[PDB]
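[1] give me a model of this one.
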Amino acid sequence: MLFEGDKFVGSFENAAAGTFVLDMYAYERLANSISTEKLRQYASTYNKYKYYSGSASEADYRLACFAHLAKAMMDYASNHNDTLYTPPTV
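    Residues are numbered from 1 along each chain as shown. For reference, the structure is listed below:
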C-alpha cells in the first residue's frame with residue numbers, strides 16, 4: 001500500500017492513483033521505483049490528460065494518473081515545493 005504508519009512507501013504505479021504529500025522523501029521513494037525513461041514518457045502525455053475527468057473505471061485511467069504524477073514529479077524536481085498530489089479528478 002501507500003503508507004506504513006507515517007511513512008510513504010508507495011511505488012509510482014500505485015501512488016499515481018492515490019493521495020499523498022509530494023515532499024522530498026516521497027519523491028525519493030517514487031523516483032527509485034520507475035525508470036527515468038518511463039517517467040519522461042508518461043510526463044510527455046500530460047497535455048493530453050490534463051483535463052481528464054473520465055471515471056476510475058475507464059481503461060485510460062492509469063494512463064491519466066501516470067501522466068499527472070509524472071508531471072507533479074517533474075515540477076518538484078525543478079521547484080522543490082512540497083505539494084499535495086491528488087489523482088485526476090473524476
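
[2] and residue 40, what does it touch?
    residue 70 (C-beta atoms under 8 Å, 6 or more residues apart in numbering). Where you see a C-beta, it was placed from the backbone N, CA and C, and this is true even at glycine.

[3] and the one 10 residues further on, by the same measure?
    For residue 50, the contacting residues are residue 67, by C-beta under 8 Å, 6+ apart.

[4] mind checking how far it is from residue 36?
    In this view, residue 50 and residue 36 are 22 Å apart by C-beta to C-beta, to the nearest Å.

[5] helices along the chain, start to end?
    For the chain, helices defined by DSSP state H occupy the ranges 12-15, 24-31, 36-44, 46-49, 61-79.

[6] what's the last one packed up against?
    Counting by 3 or more C-beta pairs under 8 Å, 6 or more residues apart in numbering; DSSP states H and E, the packing neighbours recorded for helix 61-79 are helix 12-15, strand 20-22, helix 24-31, helix 36-44, helix 46-49, strand 83-85.

[7] work out which residue lies at the spatial centre of the protein.
    residue 69 (2.1 Å; C-alpha atoms, centre = their mean).
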